[PDB]
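One chain comes next, on its own, written out as structure tokens in the form solved without 2,4-dinitrophenol (DNF).
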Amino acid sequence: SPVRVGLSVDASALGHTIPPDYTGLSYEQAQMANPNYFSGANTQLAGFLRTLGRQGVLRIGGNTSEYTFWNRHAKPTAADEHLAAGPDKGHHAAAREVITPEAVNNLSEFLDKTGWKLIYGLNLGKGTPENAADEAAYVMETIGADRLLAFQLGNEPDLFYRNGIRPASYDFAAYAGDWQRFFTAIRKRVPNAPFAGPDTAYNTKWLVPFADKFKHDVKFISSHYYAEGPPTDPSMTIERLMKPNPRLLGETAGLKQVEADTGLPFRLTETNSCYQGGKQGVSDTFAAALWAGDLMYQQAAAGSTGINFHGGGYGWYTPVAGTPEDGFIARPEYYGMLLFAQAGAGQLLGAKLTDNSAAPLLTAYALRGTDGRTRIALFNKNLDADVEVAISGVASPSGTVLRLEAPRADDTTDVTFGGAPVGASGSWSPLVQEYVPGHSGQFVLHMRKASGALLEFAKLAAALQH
């Protein structure tokens, strides 16, 4: 029989605001070698982005951002017209790649079709300062100041000391040396160039020092998060993914500290379920939908201003898989992001769970949407326990629920949201939407084990609204 838990919504306890550009994706800079991928002609991928959000952020970086070289004088045919660059697997140096001017032109078209903004990585790892300044000039001219959110100078510089990009003695001070040189060169050529950093892999000790040292130079602070890895490790499983861990706790403490101590916004600019390119039977499963949806809300509740889920090609953890030649499809993780998309922007509200020690992995977030309607996103990440949730503090004549479901937590397919799969080019409409009648602010919702739900509550006395 279900675990009976209480959910107390407190509309008077206002939390952080979820901005319209909260959602986002991350891709390898190596993708810029193929101008057909981020292109106005890539209507399928653009549709998947628009379904994820009217607004949102595309971040380009990753390990390959150290191995990609802008060449303003490249033959256009230097482009690899067939490349679908999956997440870097981090085992060794990536292939070097050239970025052509047409790739940047096509990226602008893609941003225009999607309505998304851009975070753009620059090659501080293996590139020169002059070439970074040239690259930044072209991107600023082509993408424009309205859509260019930030440049980032190097990806995960806290790992340079061990992956061969720098000597083993590389540390924060040395990175701050590197960063200052690149910054200055770029600003000389592009006086309005926006920046973010440090784009760190894990090392939260770099965050406040970076923010303090470069406070007047950056728009926001960024760091990364991967829940699990390596993939070959038998301890890295679906159940573990449903649980908090010390890394997440430190990253969360980390973002709170930098926001409190500096007043700069934080963005989680690269995240996914398992590093080294993800884990088959974990990252590509319905479990990842619950993981990602919940992470979006948990991060927002802690103060994050956005997220970028890493992906590309047919990578085990990619939200969207495919190529311009064969077409694109939503993987399971996409459906967690879709639940968030459907919930929309607004302001988080107090929502406390009780009597939940036998269902400890259930999470719930309450939101007053921009339109004034209360929503509740719930993730029953308990793999073995169904729950019955007694919801109080929501006064509405009624709510509807859209379910996030698959027949088993490890399914690589059969994933639906609101009773429907996502179709071609991001097409999605709910086909199953159940009612919940309520009284005195009280509602009772059952959820199967390993499932999600989005509740949307009706306005009071709004039946005859225009």
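Note that residue numbering follows the sequence shown and begins at 1.
The protein also exists as the form deposited with 2,4-dinitrophenol (DNF) bound; that form is not presented, and the subsequent description refers to it.
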Discussion item. Quick check on this chain: which one of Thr413, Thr43, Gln433, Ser427 has a heavy atom within 4.5 Å of 2,4-dinitrophenol (DNF) in the deposited complex?
Written reply: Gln433
Worksheet item: So which of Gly56, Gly418, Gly47, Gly399 gets a non-hydrogen atom within 4.5 Å of 2,4-dinitrophenol (DNF) in the deposited complex?
Response: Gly399
Practice prompt. Determine whether any heavy atom of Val444 comes within 4.5 Å of a heavy atom of 2,4-dinitrophenol (DNF) in the deposited complex, and answer yes or no.
Written response: no
Worksheet item: Given that the partner is absent here, does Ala458 sit within 4.5 Å of 2,4-dinitrophenol (DNF) in the deposited complex, heavy atoms only?
Response: yes
Discussion item. Given the stretches 287 to 295, 355 to 363, 391 to 399, 325 to 333, which is the single one in contact with 2,4-dinitrophenol (DNF) in the deposited complex, using a heavy atom cutoff of 4.5 Å?
Written reply: 391 to 399
